[PDB]
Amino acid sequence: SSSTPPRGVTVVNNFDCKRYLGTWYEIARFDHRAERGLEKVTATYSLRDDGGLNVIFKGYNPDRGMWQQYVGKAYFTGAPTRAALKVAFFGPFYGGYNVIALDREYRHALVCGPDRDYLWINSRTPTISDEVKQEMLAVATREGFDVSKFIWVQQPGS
């Protein structure tokens, strides 16, 4: 089931959706065809009339010589105080989106998909401290993700 969280993963359960809105830089990702080779990736989150979120993915594609966007819609699968969502880019075809770690300042987030082949480190800044990087890798490995799969995404100052 590609719209539920991975078995045996803790999801953030005191989620304040309003503080999560705005722009997040992608620090690291497990690669798949949608993202592979994209640089300087951000995700931008905004509230919709219908209680879902707009998710605008932006990345630089060196082979095409262009910036490209993916326009999606995210909805909470349960209460909006549990950071368990599902995202679609076309039609009723959803993937799981789960915030599994978040600092009290809503400045750094570990986000996974519906299984352990999907994981992202995200930051309000394009670079993170070695201390924040270490905590992210510790949380991910404790939840059973193979962090050797990370691609460290090209960002200004990386």
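Note that residue numbering follows the sequence shown and begins at 1.
Undergrad: Test of understanding: from the entry's C-alpha B-factors, which stretch has the higher mean, 137-145 or 11-19?
TA: So the stretch with the higher mean C-alpha B-factor is 11-19.
Undergrad: Decide which of the stretches 44-52 and 60-68 has the higher mean C-alpha B-factor, going by the entry.
TA: So the stretch with the higher mean C-alpha B-factor is 44-52.
Undergrad: Take the CA temperature factors straight from the PDB entry and tell me which of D117, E39, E105, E26 peaks.
TA: If I rank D117, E39, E105, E26 by C-alpha B-factor, first place goes to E105.
Undergrad: Taking the values exactly as deposited, rank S123 by C-alpha B-factor within its chain and report the matching third: lowest, middle or highest.
TA: Within its chain, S123 is a middle-third residue by C-alpha B-factor, going by the deposited values.
Undergrad: Consider only the C-alpha atoms of the modelled residues in this chain, order them by B-factor as the entry records it, and name the third containing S158: lowest, middle or highest.
TA: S158: CA B-factor falls in the highest third of its chain.
Undergrad: Relative to the other modelled residues in the chain, which third contains the C-alpha temperature factor of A101: lowest, middle or highest?
TA: It falls in the top third of the chain.
Undergrad: Relative to the other modelled residues of the same chain, rank the CA B-factor of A79 and answer lowest, middle or highest third.
TA: It belongs to the highest third of the chain when residues are ordered by C-alpha B-factor.
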